[PDB]
2 protein chains.
Amino acid sequence: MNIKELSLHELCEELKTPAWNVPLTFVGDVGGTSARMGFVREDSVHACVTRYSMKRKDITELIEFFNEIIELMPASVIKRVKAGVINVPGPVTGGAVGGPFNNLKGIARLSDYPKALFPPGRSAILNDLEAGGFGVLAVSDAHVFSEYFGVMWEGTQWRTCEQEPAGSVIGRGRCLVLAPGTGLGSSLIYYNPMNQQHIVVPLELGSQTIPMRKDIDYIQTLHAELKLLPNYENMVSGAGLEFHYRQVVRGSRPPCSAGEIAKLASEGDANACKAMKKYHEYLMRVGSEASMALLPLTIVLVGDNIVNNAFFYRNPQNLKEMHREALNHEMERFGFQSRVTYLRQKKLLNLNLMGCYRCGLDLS
Amino acid sequence: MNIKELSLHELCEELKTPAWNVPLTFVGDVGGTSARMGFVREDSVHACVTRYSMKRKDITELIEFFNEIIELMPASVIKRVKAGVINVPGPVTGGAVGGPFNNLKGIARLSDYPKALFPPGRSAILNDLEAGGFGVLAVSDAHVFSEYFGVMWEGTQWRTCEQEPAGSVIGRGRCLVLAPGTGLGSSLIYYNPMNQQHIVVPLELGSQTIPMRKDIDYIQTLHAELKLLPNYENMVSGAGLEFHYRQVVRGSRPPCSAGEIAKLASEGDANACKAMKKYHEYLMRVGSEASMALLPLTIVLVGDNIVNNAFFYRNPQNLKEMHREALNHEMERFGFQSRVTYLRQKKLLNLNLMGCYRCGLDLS
Ligand SMILES: O=C(CCc1ccc(O)cc1)N[C@@H]1[C@@H](O)[C@H](O)[C@@H](CO)O[C@@H]1O
Ligand SMILES: O=C(CCc1ccc(O)cc1)N[C@@H]1[C@@H](O)[C@H](O)[C@@H](CO)O[C@@H]1O
């Protein structure tokens with residue numbers, strides 16, 4: 001798994017080198033603030049990408065970027081493009097129309113994209129966590145799962161389905177991918193046991209109304225701030241973390257950012273730590289409800305957030321509390337939540353870029 | 001598109017007429033009370049089946065039924081078995097391990113089934129709604145969708161994905177199947193835009209904790225009765241309807257069973273009617289929340305209950321109220337709930353038997 005990030009110029013020069021004299025997949029991982037776009041080739045995977053700023057905060061700006069690449073890149077390179085797959089930070093329909101976005105305006109339309117980078121019949125727009133799910137599969141496919149994912153706790157069902165150690169393979173069962181970052185992303189890597197095939201199913205779990213436990217007052221406190229029935233993302237996100245911190249300090253310390261709160265928690269600050277426990281309590285509730293609804297074999301937490309918050313999961317008291325909340329469901333009296341193995345990304349890797357490429361394989 | 005229930009001996013006879021001198025698919029629709037098993041052949045879908053009482057109330061009695069069938073049947077008939085698929089009223093893993101079940105006792109195990117009816121590599125056990133979802137596909141493939149399904153309302157997304165009228169085909173989009181009957185069943189017919197294929201993913205939406213709207217007291221009341229945080233099935237089931245009717249009458253009238261309540265409502269009783277609106281209010285919350293989480297193109301309400309309570313859905317007032325509640329979600333401010341086309345089964349049909357066959361065709 002190799003990704004190199006280059007200026008657009010160094011990018012152009014890299015693609016003229018012998019190693020890149022080969023069929024290419026155009027890929028793009030588009031976020032609310034930036035996009036990484038470039039080319040990917042083949043059991044190792046090799047991507048070379050350049051970073052763009054989404055300064056105009058508008059999804060149509062990608063069209064301008066694609067043009068730039070086509071004009072600035074030699075035709076010899078562009079003609080090697082066998083497939084073109086990008087991902088965007090919002091719901092996508094028909095792999096062709098993405099929108100509406102929370103942090104960008106406009107609608108991503110595959111039909112308005114240049115066929116030089118998006119060949120007809122071999123092109124797709126993915127949801128970011130749909131690409132991430134494909135990304136998880138690409139890690140598994142390269143026999144390197146244990147290098148990127150660590151077991152948080154092993155579920156009851158793993159040994160029933162798998163002889164190998166937890167975390168060593170994705171496993172022949174449904175894998176629910178959760179990404180608590182800017183937005184709360186989710187996807188279901190469904191497993192069809194009749195053909196032994198994994199299939200990525202995009203979800204919007206973050207946007208469901210939170211069902212209560214013994215926390216009606218806490219939920220109502222947020223309800224009154226937002227003037228909206230809180231959804232999971234409202235508790236599990238940067239603003240969620242900031243909310244949890246305000247609720248812990250109650251005025252006594254002025255507000256700081258989610259980023260600042262995460263830093264303080266890394267330094268042992270009791271208030272920030274408790275905010276972080278709160279944030280994860282709600283993440284574990286997404287997990288327990290989804291564990292029932294989707295009956296997954298595994299749940300995998302992914303993203304730079306998860307990797308960088310390793311200090312939090314490393315702590316056995318934090319981990320035991322998350323485990324307890326994961327089991328906090330009425331259906332656990334039948335063992336449903338206990339079936340599931342939870343894993344977390346433990347090493348940095350842009351799953352989305354790998355996923356766009358992995359998806360391109362299935363179009364080609 | 002037809003199914004004749006026959007006696008065991010006159011099943012054996014029926015399977016000698018020349019029209020049934022074809023490869024056969026063994027199928028079985030296992031309910032809590034009765035199981036219908038038999039054989040299927042082909043635009044045209046012809047099935048003939050015999051019924052068994054599940055009077056051991058034990059899922060394992062099936063093997064005796066299987067054994068009997070093979071004993072009381074020609075080797076000219078058994079030799080034409082190409083596939084074998086049955087469905088059961090509980091979760092199933094690996095398409096081969098069914099249960100534990102809320103209704104029956106034991107575990108359905110494909111490995112303990114006779115290969116004469118279940119040719120290895122061409123057989124499966126399905127969850128009941130997993131089969132239902134396959135049945136919905138089969139109806140659509142037989143170009144007879146509009147004969148069995150009526151539109152309750154057309155969603156915003158339909159005319160952009162399909163040029164055919166709503167209700168006339170399943171549609172090239174995800175279809176969430178809900179079966180609000182004795183239990184609450186749910187499955188997602190996922191549409192894969194990469195390869196234009198539908199796949200059926202089993203769900204357990206019924207067992208999710210109910211998120212609130214403005215009904216905290218009503219939920220607390222049931223919570224106190226059940227001594228369990230209510231899930232959608234608690235509000236949307238037989239037990240659910242009985243609860244709604246009781247909260248309506250407040251001991252002013254006698255307590256009535258679900259069937260009693262249903263009948264009374266059809267006759268025009270105001271209290272029973274109020275109970276059924278209450279029930280459908282919670283059914284619509286399953287739909288609005290799943291509309292966000294799973295982003296379906298359609299939602300199809302299936303089952304005998306649904307056909308038999310056609311009177312309820314035909315009332316323009318009840319339907320308007322259902323529609324209103326289907327859009328009662330904070331995400332509707334973005335049009336998410338409005339995207340979805342709702343349909344209901346309007347004519348009797350064992351989708352599950354048809355589903356077992358349709359599944360079989362993917363297995364051969
Ligand atoms: O933003 C949403 C909900 C839909 C929505 C659309 C417009 C809007 O203004 C408000 C919400 N969903 C996205 C989701 O697609 C993505 O996978 C996730 C991780 O990046 O962040 C958000 O959860
Ligand atoms: O069985 C369950 C949930 C697990 C469960 C286990 C024990 C129990 O007492 C209660 C529920 N769910 C099943 C589901 O598989 C099925 O499709 C649906 C329609 O028949 O009925 C049930 O709701």
Side-chain angles (χ1 to χ4, degrees), chain A residues 91-97 100 102 124 127 157 160-161 172-174 186 188 190-195 197 199-214 216 219-220 226 228-231 285 288-290 292-295 297 329-331 333-336 339 359 362-363, chain B residues 91-97 100 102 124 157 160-161 172-174 186 188 190-195 197 199-214 216 219-220 226 228-231 285 288-295 297 329-331 333-336 339 359 362-363:
Chain A
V92 180
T93 66
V97 178
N102 184 15
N127 164 263
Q157 185 184 106
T160 297
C161 271
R172 295 167 287 179
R174 308 164 199 161
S186 56
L188 182 64
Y190 177 68
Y191 179 78
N192 186 345
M194 290 169 280
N195 66 351
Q197 172 170 57
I199 284 130
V200 184
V201 180
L203 306 163
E204 293 292 326
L205 299 192
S207 284
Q208 300 170 112
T209 312
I210 306 180
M212 68 182 186
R213 290 302 185 266
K214 300 180 196 169
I216 170 67
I219 284 170
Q220 279 177 176
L226 301 177
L228 305 160
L229 285 179
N231 67 31
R285 200 175 307 169
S288 79
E289 294 294 345
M292 183 64 235
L294 311 185
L295 299 176
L297 179 64
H329 196 285
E330 300 290 14
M331 297 303 284
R333 75 193 191 264
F334 307 116
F336 285 105
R339 298 181 176 196
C359 171
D362 288 343
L363 296 167
Chain B
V92 180
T93 68
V97 172
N102 189 16
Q157 191 170 99
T160 65
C161 300
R172 279 158 303 181
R174 295 143 80 130
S186 59
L188 179 67
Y190 174 76
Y191 184 61
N192 191 344
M194 294 189 320
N195 74 344
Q197 181 179 126
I199 70 171
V200 185
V201 354
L203 297 182
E204 296 289 332
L205 300 186
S207 301
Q208 292 167 292
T209 315
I210 299 186
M212 67 174 175
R213 292 302 185 258
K214 302 173 171 176
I216 185 57
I219 290 170
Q220 306 278 42
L226 293 175
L228 293 171
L229 264 192
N231 63 36
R285 194 170 314 171
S288 68
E289 295 289 347
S291 292
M292 189 63 238
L294 315 175
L295 297 172
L297 177 70
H329 192 290
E330 302 288 9
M331 295 297 284
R333 80 194 185 268
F334 302 121
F336 287 104
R339 287 180 180 206
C359 179
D362 286 344
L363 286 178

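Scope of the values below: all heavy atoms of this structure, side chains included, with no hydrogens, waters or symmetry mates. Letters A, B, ... are given to chains in the order of the sequence lines, protein chains preceding strands, and every chain is numbered from 1.
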Winner by heavy-atom pair count (cut-off under 4.5 Å) against chain B, out of A:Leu297, A:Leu294, A:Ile199, A:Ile219:
A:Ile199
Atom pair CG (B:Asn192) and OH (A:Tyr190), whose distance is rounded to the nearest 0.5 Å
13.0 Å
Region of A:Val200 that comes under 4.5 Å of a non-hydrogen atom in chain B:
backbone
Non-hydrogen side-chain atoms of B:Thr209 and A:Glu289 separated by less than 4.5 Å
yes
Is it the backbone or the side chain of B:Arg339 that comes under 4.5 Å from a heavy atom of chain A, or both, or neither?
side chain
Which atoms of A:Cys161 are under 4.5 Å from chain B, going by heavy atoms: the side chain, the backbone, both sets, or neither?
neither
Is there side-chain contact between A:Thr93 and B:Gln157, with at least one heavy-atom pair below 4.5 Å?
yes
Determine the minimum heavy-atom distance between A:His329 and B:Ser207, stating which atoms define it.
CE1-O, 3.4 Å
Check the pair A:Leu226 / B:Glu330 against side chain to side chain contact (heavy atoms under 4.5 Å, CB included), numbers first and verdict last.
CA-CA 11 Å; A:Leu226 301 177; B:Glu330 302 288 9; over 6 Å; no
Name the option with the most non-hydrogen atom pairs under 4.5 Å to chain B; the candidates are A:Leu205, A:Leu203, A:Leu229.
A:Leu229
Residue B:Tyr191 versus chain A: region with a heavy atom under 4.5 Å
neither
B:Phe336 and A:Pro91, any side-chain heavy atoms less than 4.5 Å apart
yes
A:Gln208 versus chain B, heavy atoms under 4.5 Å apart: side chain, backbone, both or neither?
both
Audit row: B:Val201, A:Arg174, side chain to side chain contact (heavy atoms under 4.5 Å, CB included) steps and yes/no
CA-CA 10 Å; B:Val201 354; A:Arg174 308 164 199 161; over 6 Å; no
Quick one: closest heavy-atom pair of A:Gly94 and B:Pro193, and the distance?
C-CB, 3.9 Å
Side-chain contact, heavy-atom cut-off 4.5 Å: A:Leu228 with B:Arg333?
yes
Is there a side-chain contact between B:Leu295 and A:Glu204 in this structure, where contact means two heavy atoms from C-beta onward sitting under 4.5 Å apart?
yes
Given a strict heavy-atom distance threshold of 4.5 Å, which part of B:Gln197 is in contact with chain A: side chain, backbone, both, or neither?
neither
Please look at A:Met212 and chain B and tell me whether the side chain, the backbone, both or neither of the residue comes under 4.5 angstrom of a heavy atom of that chain.
both
